[PDB]
Amino acid sequence: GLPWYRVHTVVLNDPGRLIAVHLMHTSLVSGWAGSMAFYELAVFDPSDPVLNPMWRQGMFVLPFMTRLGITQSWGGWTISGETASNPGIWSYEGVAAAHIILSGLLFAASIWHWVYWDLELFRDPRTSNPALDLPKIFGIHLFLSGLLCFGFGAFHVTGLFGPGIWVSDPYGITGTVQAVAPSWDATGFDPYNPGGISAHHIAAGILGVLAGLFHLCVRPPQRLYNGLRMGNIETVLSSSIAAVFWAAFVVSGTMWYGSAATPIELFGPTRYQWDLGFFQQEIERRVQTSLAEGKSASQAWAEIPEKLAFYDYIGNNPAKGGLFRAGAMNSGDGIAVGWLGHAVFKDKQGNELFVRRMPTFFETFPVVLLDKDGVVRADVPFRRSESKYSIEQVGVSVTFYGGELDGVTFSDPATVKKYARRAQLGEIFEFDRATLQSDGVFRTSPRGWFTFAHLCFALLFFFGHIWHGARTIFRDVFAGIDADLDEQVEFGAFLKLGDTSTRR
Amino acid sequence: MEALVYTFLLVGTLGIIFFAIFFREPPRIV
Amino acid sequence: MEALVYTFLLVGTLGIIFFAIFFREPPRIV
Amino acid sequence: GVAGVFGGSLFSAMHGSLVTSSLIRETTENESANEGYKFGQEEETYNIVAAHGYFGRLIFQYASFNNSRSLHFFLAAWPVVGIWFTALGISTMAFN
Amino acid sequence: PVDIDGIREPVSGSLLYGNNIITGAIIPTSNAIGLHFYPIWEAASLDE
Amino acid sequence: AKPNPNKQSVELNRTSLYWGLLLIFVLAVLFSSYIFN
Amino acid sequence: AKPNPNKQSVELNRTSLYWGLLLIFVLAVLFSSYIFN
Amino acid sequence: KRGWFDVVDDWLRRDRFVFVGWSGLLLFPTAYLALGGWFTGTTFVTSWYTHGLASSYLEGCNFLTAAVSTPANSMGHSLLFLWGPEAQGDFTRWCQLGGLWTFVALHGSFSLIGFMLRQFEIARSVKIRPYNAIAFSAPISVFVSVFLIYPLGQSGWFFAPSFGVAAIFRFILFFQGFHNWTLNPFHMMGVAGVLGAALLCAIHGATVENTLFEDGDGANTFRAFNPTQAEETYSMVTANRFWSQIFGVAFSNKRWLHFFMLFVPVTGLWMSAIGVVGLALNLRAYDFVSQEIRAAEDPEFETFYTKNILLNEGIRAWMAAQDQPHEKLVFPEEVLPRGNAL
Amino acid sequence: XXXXXXXXXXXXXXXXXXXXXXXXXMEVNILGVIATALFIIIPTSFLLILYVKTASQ
Amino acid sequence: XXXXXXXXXXXXXXXXXXXXXXXXXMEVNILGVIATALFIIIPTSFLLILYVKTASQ
Amino acid sequence: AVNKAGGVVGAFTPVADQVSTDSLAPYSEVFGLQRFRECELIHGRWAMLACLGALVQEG
Amino acid sequence: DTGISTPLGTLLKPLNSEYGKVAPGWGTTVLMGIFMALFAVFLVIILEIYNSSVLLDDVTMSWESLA
Amino acid sequence: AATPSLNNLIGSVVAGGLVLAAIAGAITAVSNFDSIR
Ligand code: CLA
Ligand code: CLA
Ligand code: CLA
Ligand SMILES: CCCCCCCCCCCCCCCC(=O)OC[C@H](CO[C@@H]1O[C@H](CS(=O)(=O)O)[C@@H](O)[C@H](O)[C@H]1O)OC(=O)CCCCCCCCCCCCCCC
Ligand SMILES: CCCCCCCCCCCCCCCC(=O)OC[C@H](CO[C@@H]1O[C@H](CS(=O)(=O)O)[C@@H](O)[C@H](O)[C@H]1O)OC(=O)CCCCCCCCCCCCCCC
Ligand SMILES: CCCCCCCCCCCCCCCC(=O)OC[C@H](COP(=O)(O)OC[C@@H](O)CO)OC(=O)CCCCCCCCCCCCCCC
Ligand SMILES: CC1=C(/C=C/C(C)=C/C=C/C(C)=C/C=C/C=C(C)/C=C/C=C(C)/C=C/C2=C(C)CCCC2(C)C)C(C)(C)CCC1
Ligand SMILES: [Fe+2]
């Protein structure tokens with residue numbers, strides 16, 4: 001009897017039913033994409049693109065549709081918040097319906113290619129046995145890959161015939177779907193340059209076509225054919241599994257580190273923007289320039305976009321979640337309602353204090369207020385018996401500039417402590433924890449979840465490379481080793497290992 | 001949730017109909 | 001309700017252990 | 001104790017992989033290799049000399065147990081001795 | 001719940017008292033007991 | 001006609017059933033606390 | 001001891017499977033609305 | 001008349017005392033440098049300018065406290081070549097910058113590939129199955145996830161485990177305090193794999209030794225064996241009946257037993273590797289929210305989980321100031337969480 | 001002053017959408033999902049066990 | 001009567017009890033019941049289908 | 001029980017420059033003199049039109 | 001035994017005909033090794049740019065290059 | 001416009017080739033000097 005872990009090996013040497021089995025996975029994957037999109041559209045709230053973006057609602061496939069140009073819904077709304085203008089077929093609902101319809105067609109084709117497995121196409125004309133000319137098939141299917149790679153970068157991304165791709169400003173404030181022009185110089189290899197994407201898919205497409213032509217014309221070397229077992233289709237599986245986990249590692253790195261293909265306006269900020277003070281530095285710079293124009297601190301902070309401030313909140317950091325804190329970031333800390341304005345903490349003598357921001361590594365972090373030169377001046381003491389820095393005996397007050405609480409100042413220690421705790425999380429926002437009953441613990445964005453999933457898949461698929469790779473090479477000994485082997489395995493019997501013609 | 005469970009039950013029932021018609025046990029004479 | 005799930009899972013595992021010991025395939029010599 | 005369990009885990013994996021790598025062909029590829037062994041067999045189900053040859057070349061000839069009895073004593077002694085000492089360690093640390 | 005530290009601060013370790021399988025435990029004997037033998041018959045009540 | 005020559009029959013002995021049932025239940029025991037959270 | 005002489009083997013043809021699957025799903029469709037209530 | 005590949009293949013796969021093979025071209029260079037880098041780093045190279053610590057014998061450390069420490073956090077994930085923009089060709093400054101860690105980590109990671117290729121190379125030559133190479137994927141998964149993937153998800157190489165005994169202990173205690181790594185269900189499966197494999201190693205070794213057939217007249221039973229003997233050395237039937245009546249269940253298949261001895265340890269390390277991949281993103285199983293909600297609302301509900309949560313807070317606060325000098329954390333003592341007395 | 005009225009001031013709806021344009025989140029016992037699930041899988045498995053046994057002859 | 005409505009709550013507690021002092025734990029996912037049920041039954045059924053098929057031959 | 005990989009079953013020099021009814025691959029061999037001459041002529045005739053066409057439309 | 005013949009099958013049949021045909025010896029292996037070496041160098045260069053171990057004047061390698 | 005970091009990257013690639021060439025050269029020399037048959 002066949003073991004349960006070798007059941008799907010019956011199509012190993014059946015090209016007709018291998019296509020049928022591969023058509024079924026294709027039907028399911030497109031079926032999932034359509035089903036996933038429809039669910040997300042049933043839960044997504046497009047009313048507030050600034051304080052309730054996609055990445056705060058746990059939307060996973062919505063950013064990927066938006067990344068390539070899908071921005072409008074049949075419901076009449078646009079992802080940017082403007083009103084839809086004749087969405088046409090290719091809406092969020094249309095793309096979801098298309099992947100669903102495709103799923104049904106692939107399901108039907110799978111049944112046909114399964115019932116009619118005994119096609120003369122899959123027969124070796126020399127031996128009349130089922131066989132696939134894998135070196136030629138690879139050239140065919142690579143030429144299509146090169147052709148499709150070229151067209152995506154030359155028509156779709158470039159904008160010649162297509163929507164372009166999502167391009168954002170450096171601080172994720174103003175991002176739209178634009179037609180990007182290929183950048184052919186060294187800046188084309190800048191990961192944060194969207195012009196490199198069009199240039200790459202054009203050049204790799206051209207080389208993909210030419211490589212497909214070569215691999216379609218030139219027969220493999222005899223030595224390479226035997227060394228790589230090119231007559232065995234499990235060789236293709238080993239190399240494909242190797243290539244797909246290489247791509248999974250790369251695609252996880254560019255998601256975690258950020259690139260032009262993972263805009264923060266679609267997937268949320270990266271953990272390194274919080275670590276390096278990417279948004280905080282920009283916010284202080286804009287406020288400082290407005291102060292240089294002789295504007296009041298109350299009105300300079302009011303100029304700061306609320307979208308920019310929301311990025312400076314540690315709750316939007318993708319490295320603050322948990323493996324089993326499931327759901328949307330809204331389910332963790334609530335739905336963002338409004339900015340409370342910048343909180344500036346002042347000593348009793350008037351010196352300004354800064355709350356030490358919480359590093360990403362800390363689940364909890366002591367609240368400590370520093371002055372300009374970095375010296376600890378006040379804090380919330382754990383031991384309130386002989387404290388020397390408690391805000392009560394330092395007279396710390398908090399005043400808010402901009403936002404909802406602009407102008408309002410608090411002096412009682414209880415509220416000053418409350419906002420000091422909020423201040424170490426970055427900017428202070430008002431959250432609605434009643435609609436979805438948020439617990440109060442942070443969650444990861446789609447950036448975090450995508451990275452974890454495709455890193456775990458990448459690691460598991462390395463074992464696949466080793467297993468399926470060892471299976472094809474060691475196929476002749478899969479059921480066991482030869483009975484009489486001792487003479488060859490003897491130490492020193494032969495000069496060269498294995499070679500029986502090199503007897504010592 | 002209910003709307004998701006109603007749709008799965010309905011399409012699940014439709015899926016059975018498809019298999020009962022095309023993937024049926026063929027009636028064979030003797 | 002979680003306590004119901006936890007208890008069922010634990011006593012379910014012990015049920016498998018009982019059956020694996022007494023309702024096992026006997027090892028028969030060749 | 002850590003060397004006992006890390007080593008014991010290493011030796012379990014090596015012994016299991018070396019015996020599995022040396023299974024004498026007695027089945028087809030549509031059956032489990034386990035089927036090649038019949039409970040009560042009087043003959044060996046894997047080639048010890050072949051496994052020793054592999055591990056002999058893997059590091060060097062004399063780093064491998066040619067003797068199954070010595071090998072299995074080592075498989076038992078290493079984790080047992082290691083766990084004996086870590087059990088003593090907690091016992092000694094009981095008296096500070 | 002069991003007063004493990006002898007400081008009259010019981011620690012819950014049962015499933016029916018709010019623990020899951022990971023956090024559930026049989027709490028060690030109270031620190032007030034020490035190494036003293038504490039069979040059920042040396043207690044005034046089974047609640048104690 | 002021409003029946004497919006690649007037919008095989010899956011097999012699962014009773015000891016594999018116990019190993020499989022133990023794995024499914026022990027995995028649920030391990031992960032249930034986290035899913036419930 | 002000697003084997004039990006009352007041993008029988010249960011059978012379920014494919015058409016019975018489709019009827020059984022149809023009944024379970026149709027009955028679920030019927031009662032699901034009321035169970036959710 | 002043979003070509004270069006054939007004449008070279010003849011020499012590389014010569015059956016000598018230490019087999020070289022084609023994979024030896026990658027293994028022995030990289031493995032020697034990784035070994036040499038560690039011995040050199042633990043003996044002469046300091047971590048004074050990277051961690052503010054002494055980590056060499058020359059500085060006064062012993063085998064337990066010497067280590068090859070990671071670069072400073074300001075270096076990020078720099079590969080830190082000898083010729084890179086950091087320590088541009090200056091060997092001594094390269095050592096002071098922690099560049100020896102990436103040297104050991106990189107040449108060490110390619111040595112693991114070389115050794116696994118060596119297992120494939122020898123197994124094909126000896127004409128046996130490649131299950132030792134498959135077993136070696138588990139240690140590689142552990143090394144790849146712990147020494148490469150985890151720091152790559154963090155700020156930089158600084159948070160990777162430094163190559164040392166006490167340095168690994170700090171890495172271990174860091175994971176408890178910051179990640180609650182014990183509570184993670186993937187270390188739990190890793191523990192069960194390692195402890196289960198240690199159990200199998202001991203129980204199988206003892207079972208074989210105590211079911212041995214009498215193949216000699218000497219009390220020394222080790223000598224009564226021949227590697228080429230066809231008969232089995234121990235009674236599987238007695239072994240099977242022993243464990244059936246002692247434990248209730250026993251192995252009846254010799255092949256299954258040895259595969260299980262291979263599956264338990266490998267699966268354990270692989271499951272543990274998945275968990276560390278999650279910690280790379282701080283995607284950790286730190287806490288049970290339901291109990292935290294209950295504990296916050298009810299100040300009398302205490303479990304061993306909540307006690308551990310307070311222990312982690314102590315670890316993080318009392319360790320961050322020195323373990324993370326780049327953060328420049330000046331905590332006055334009044335703000336550190338401390339219990340009564342002690 | 002206190003931000004207790006800030007969340008109240010959010011009269012403009014700010015919440016993930018319900019399945020209906022007129023909002024569909026009604027009080028249905030979630031035990032219905034489990035009851036429907038058990039009523040489907042348990043008898044389905046019973047039938048599949050008997051059919052696969054029969055189909056294998 | 002709202003005075004008497006809240007009089008009972010602050011006074012002797014309401015009914016339906018709870019396991020031990022408190023075991024509501026409404027934060028519990030509850031969807032974990034479906035996750036745990038589906039993760040048990042679906043693989044269990046798969047194993048039972050194969051065993052009954054095997055045991056009958 | 002044993003699935004050995006295939007070995008050299010023989011050396012053959014296929015006859016090139018043989019056109020067949022196969023629409024997708026008419027010639028017997030890719031590397032044939034007559035197939036290349038058709039490629040040389042077709043590539044060449046396209047270039048002659050292109051070279052003149054580029055000049056004329058520019059002027 | 002010839003299998004089911006279809007119009008699409010006869011059209012695509014030439015593409016699945018030269019199953020075992022190989023070039024004798026090492027063929028174009030050395031040429032393949034050249035491209036792998038160039039590809040390896042290309043992969044290194046783009047890795048260094050992202051890792052910031054190679055600093056190019058025009059590239060900035062940060063979010064600020066989105067401007 | 002080659003930065004010094006770019007030059008070292010090119011130098012490292014060349015140095016890597018020399019190390020590989022030195023390895024291959026030594027192996028080919030010994031393999032020819034010490035040949036079987
Ligand atoms: C006409 C066909 C078609 C079209 C136009 C689309 C379009 C779309 N799909 Mg869909 N899909 C299709 C077919 C199609 N799909 C089929 C047949 C399946 C079944 C497998 C799917 C399964 C699927 C899923 C699961 C998902 C989509 C999604 C999407 C949306 C985002 C795509 C994206 O950004 O991902 C990016 C695409 C890539 C990154 C491809 C990378 C290419 C790799 C790296 C190849 C590299 C190796 C290559 C061989 C190198 C050699 C060649 C080279 C040398 C030249 C988008 C609107 C996503 C979505 O938004 O959900 C609705 C989603 O998750 N699709
Ligand atoms: C690469 C694949 C991928 C990724 C990255 C995501 C990512 C995401 N999904 Mg998702 N999804 C996927 C595939 C994926 N999905 C598939 C294949 C399905 C079909 C089942 C779904 C169906 C789905 C739904 C219905 C929802 C999401 C939601 C979400 C978002 C919340 C993430 C979350 O909380 O998960 C949490 C993950 C965990 C709590 C545990 C991870 C799995 C563990 C690590 C494996 C352990 C083994 C197993 C669990 C043991 C079982 C034991 C037993 C007791 C259960 C998030 C951005 C939610 C959302 O935000 O809505 C917008 C949402 O409701 N997804
Ligand atoms: C097979 C043995 C081997 C291997 C695999 C490695 C691998 C590695 N070494 Mg190491 N090393 C070795 C032997 C080896 N070394 C030896 C014998 C020594 C002398 C003792 C050193 C001394 C050494 C030092 C001092 C350092 C390294 C470093 C490194 C790492 C990065 C360096 C690098 O590869 O950049 C370059 C990449 C390449 C050279 C790719 C090669 C591809 C081929 C050769 C291209 C062919 C070139 C040819 C001219 C064609 C021109 C193409 C054209 C486009 C220009 C890397 C993982 C660095 C490190 O440890 O990082 C911290 C480092 O500082 N090594
Ligand atoms: C409609 C779309 C899918 C909806 C799914 C909804 C779920 C409920 C319906 C399906 C479950 C009930 C079917 C029972 C099958 C049965 O008894 O006959 C067994 C059939 C009959 O064919 C076998 O084929 C044999 C030929 S051979 O031996 O295989 O060559 C032949 O003897 C004879 O036909 C028969 O024995 O055996 C099969 O080969 C069928 C494949 C296994 C069943 C697949 C179930 C899942 C379907 C897809 C699910 C995902 C849907 C989304 C798609 C993107
Ligand atoms: C969500 C799932 C529920 C989880 C529940 C967990 C607890 C139970 C786990 C059971 C798992 C094992 C299944 C396979 C067992 C097997 O193959 O048996 C082997 C024997 C062999 O057949 C018999 O064999 C006999 C001898 S021998 O066994 O063949 O040697 C022979 O004489 C006789 O003719 C023949 O019929 O099978 C049986 O006949 C056993 C009885 C049928 C199985 C019933 C199991 C369910 C019991 C109810 C549990 C729930 C309620 C409990 C309340 C107290
Ligand atoms: C007298 C006191 C008894 C002490 C108690 C002993 C407990 C017995 C536990 C065995 C049940 C496991 C069944 C294995 C499934 C089974 O019965 O397979 C039976 C199997 C026999 O395999 P064979 O040699 O027959 O294999 C032939 C091939 O067909 C293999 O497929 O025995 C073993 O594999 C040995 C491993 C036993 C060790 C089991 C691991 C430890 C149990 C873990 C329990 C989890 C904790 C639960 C707590 C809630
Ligand atoms: C036939 C036909 C039709 C219809 C069709 C359809 C209806 C389709 C769809 C289908 C579908 C509707 C599909 C879906 C699917 C789904 C899937 C396929 C999923 C799965 C899942 C998974 C696989 C997961 C797993 C896991 C979990 C659970 C946990 C965590 C981890 C993971 C994630 C891994 C039409 C009308 C067109 C017409 C024509 C014909
Ligand atoms: Fe053994």
# chains A, B, ... in the order shown; residues from 1 in each chain; ligands from 1

$ interface_residues --of "chain E" --to "chain H" --cutoff "6 Å" --atoms "only C-alpha atoms" --output "ChimeraX atom specification"
/E:11-12,23

$ residues_near_ligand --ligand "ligand 3" --cutoff "7 Å" --atoms "only C-alpha atoms and all ligand atoms" --output "PyMOL selection string"
(chain H and resi 25-26+29-30+33+79-83+99-100+102-104+106-107+110) or (chain L and resi 37-38+40-41+44) or (chain M and resi 10+12-17+19-20)

$ residues_near_ligand --ligand "ligand 8" --cutoff "7 Å" --atoms "only C-alpha atoms and all ligand atoms" --output "ChimeraX atom specification"
/D:72 /H:204,258

$ residues_near_ligand --ligand "ligand 4" --cutoff "7 Å" --atoms "only C-alpha atoms and all ligand atoms" --output "MDAnalysis selection string"
(chainID A and resid 27:28 31 103:104 107 115) or (chainID B and resid 11:16 18:19 23:25) or (chainID F and resid 3:4) or (chainID G and resid 14 17)

$ residues_around --residues "residue 4 of chain I" --least-positions-apart "4" --cutoff "10 Å" --atoms "only C-alpha atoms" --output "ChimeraX atom specification"
/A:430 /I:8-9

$ interface_residues --of "chain G" --to "chain B" --cutoff "7 Å" --atoms "only C-alpha atoms" --output "count of residues only"
7

$ calpha_fit_rmsd --fixed "chain I" --moving "chain J"
2.6 Å

$ calpha_fit_rmsd --fixed "chain G" --moving "chain F"
0.5 Å

$ interface_residues --of "chain J" --to "chain G" --cutoff "12 Å" --atoms "only C-alpha atoms" --output "PyMOL selection string"
chain J and resi 52-53+55-57

$ write_last_selection --atoms "C-alpha atoms" --output "PDB file, in the first residue's frame"
ATOM      1  CA  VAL J  52     -11.120   2.069   7.535  1.00  0.00           C
ATOM      2  CA  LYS J  53     -10.196   1.705   3.869  1.00  0.00           C
ATOM      3  CA  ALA J  55      -8.496  -2.226   7.669  1.00  0.00           C
ATOM      4  CA  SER J  56     -11.161  -3.619   5.322  1.00  0.00           C
ATOM      5  CA  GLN J  57      -8.724  -5.142   2.817  1.00  0.00           C
TER       6      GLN J  57
END

$ atom_distance --atom1 "atom CA of residue 154 of chain A" --atom2 "atom CA of residue 177 of chain A"
15.9 Å
